[PDB]
Amino acid sequence: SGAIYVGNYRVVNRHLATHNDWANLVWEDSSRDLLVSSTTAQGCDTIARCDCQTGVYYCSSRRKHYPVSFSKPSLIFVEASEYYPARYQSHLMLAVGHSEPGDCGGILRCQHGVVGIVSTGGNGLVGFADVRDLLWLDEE
Ligand SMILES: NC(=O)[C@H]1CC(=O)N(Cc2cccc3c2OCC3)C1
Ligand SMILES: [Zn+2]
């Protein structure tokens, strides 16, 4: 589990969104595994606006933050899971690292701020849904 809290927005994995998230919906995209809802309180996270390929992510199944090198956001085939059939997921970045299903939502960050959140895993790989292209998270 886990979310990004930036301005009056809550960014979560679409497959983990709650009823309250759907009832306060701002934007959702199944192909990216992302959903954004509105919040009453202002958040403290800042979004990275960069092309970094190194950062650090939080892994709840190890209670640890790991430094990783990660690929550029792209269209990657993801195996079938409890939440989606086998399909191509867009704006996804892969790294070598530990990830179990419940690790989804952990933040990946670089020197500029939050890059994305854990969305996929298995086989000693971890995949992150990029949010650096969602410029509207910084305003309104
Ligand atoms: N974005 C998606 O399609 C995710 C939905 C889901 O439940 N996925 C399975 C998964 C996530 C994280 C780590 C691991 C996984 O499987 C093995 C370890 C992929
Ligand atoms: Zn950066």
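Chain A residue numbers are taken from Swiss-Prot; in order, the displayed residues are 869-1008.
Every residue gets a Cβ built from N, Cα and C, even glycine.
As recorded in Swiss-Prot, the features of this protein are as follows:
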- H883: active site, for protease 2A activity (ACT_SITE)
- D901: active site, for protease 2A activity (ACT_SITE)
- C972: active site, for protease 2A activity (ACT_SITE)
- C918, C920, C978, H980: Zn(2+) 1 binding site (BINDING)
Q. Tell me which residues of the chain lie with their Cβ under 8 angstroms from that of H883 (active site, for protease 2A activity), as long as they are six or more apart in sequence?
A. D901, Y951, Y952, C972
Q | Largest tally of Cβ atoms lying within 10 Å of a Cβ, found at which of the recorded positions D901, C920 | A | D901
**Q.** Cβ neighbours of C972 (active site, for protease 2A activity) where a neighbour is any other Cβ within 10 Å
**A.** 24
Q | Assigned conformation of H883 (active site, for protease 2A activity) - DSSP reduced to three states | A | helix
Q | Any further residue of that chain within 8 Å (Cβ to the Cβ centroid of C918, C920, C978, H980) of the recorded Zn(2+) 1 site | A | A916, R917, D919, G923, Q979, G981, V983, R1000
Q) Where the criterion is a Cβ under 6 Å from an atom of ligand 1, which of the recorded positions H883, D901, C918, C920, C978, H980 meet it? A) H883, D901
Q.
Running a distance check here. Ligand 2 versus the recorded positions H883, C918, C972, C978, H980: which have CB less than 6 Å from one of its atoms?
A. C918, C978, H980
Q) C918, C978: which of these binding-site residues has the sparsest Cβ neighbourhood within 10 Å? A) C918
Q) List, in sequence order, the same-chain residues at least six positions removed whose CB sits under 8 Å from that of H980 (Zn(2+) 1 binding site)? A) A916, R917, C918, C920
